[PDB]
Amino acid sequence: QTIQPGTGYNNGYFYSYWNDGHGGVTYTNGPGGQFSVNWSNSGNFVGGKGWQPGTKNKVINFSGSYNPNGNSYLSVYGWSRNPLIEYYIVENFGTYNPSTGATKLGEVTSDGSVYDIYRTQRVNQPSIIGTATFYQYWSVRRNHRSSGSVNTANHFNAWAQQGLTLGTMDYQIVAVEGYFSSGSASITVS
């Protein structure tokens, strides 16, 4: 169903839907691991389905249609605790590349594409445990796609080899994120 911001479980999958207070976003949970989002001149929002908690060896499948009109990501997205980390394995994106706001540490060739690996520090920013300073890890896929499988271990291990430590996993979803843009997306996770 179309729901308001929050977290929970739907048809066997964890979901999280968050936004910054700006309107224009409609997030809808569908059957199984499906969800859809339509946004018209939103602010920042993140919504998707997956698992609570995630694991460090999950092979995540996703498929659907992704039509961003501006700044947006389609990623495997999640958090760890001790250390507190917000991470992304970006499979597709709109007009804004994460490389802008981040620093590059290396590359990994995974699931058919090279990904560039970055770290950034979020200072005094919102998080799963409230306002906090924490690191952000990124793998950004060079060849954008709308379906396939992501072997998360490929990325977590590559990050580790670059000195990026991950804590105990909290949630792990396939999420559509938007940032002051418009767009539409419909995705099934498994």
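The first residue of the sequence shown is number 1, and the count goes up from there. Definition used throughout: the rigid core is the maximal C-alpha set that superposes within 1.5 Å between two forms.
Averaged over structures and residues, the CA distance from the shown form in 4 other deposited structures of this protein after a core fit is larger for 93-101, of the two stretches 93-101 and 76-84.
On average the C-alpha atoms of 163-171 have higher B-factors than those of the other stretch, with 14-22 and 163-171 being the two compared. Mean C-alpha B-factor is higher over 117-125 than over the other stretch, the pair under comparison being 55-63 and 117-125. Ranking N151, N41, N29, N143 by the C-alpha B-factor listed in the PDB entry places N143 at the top.
When the Cα B-factors of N92, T109, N97, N82 are read from the PDB record, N97 comes out highest. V37 sits in the middle third of its chain by CA B factor, as recorded in the PDB entry. Compared with the other modelled residues of the chain, the Cα B-factor recorded for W138 ranks in the lowest third.
In the PDB entry, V189 places in the middle third of its chain by CA B-factor.
In the PDB entry, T103 places in the highest third of its chain by CA B-factor.
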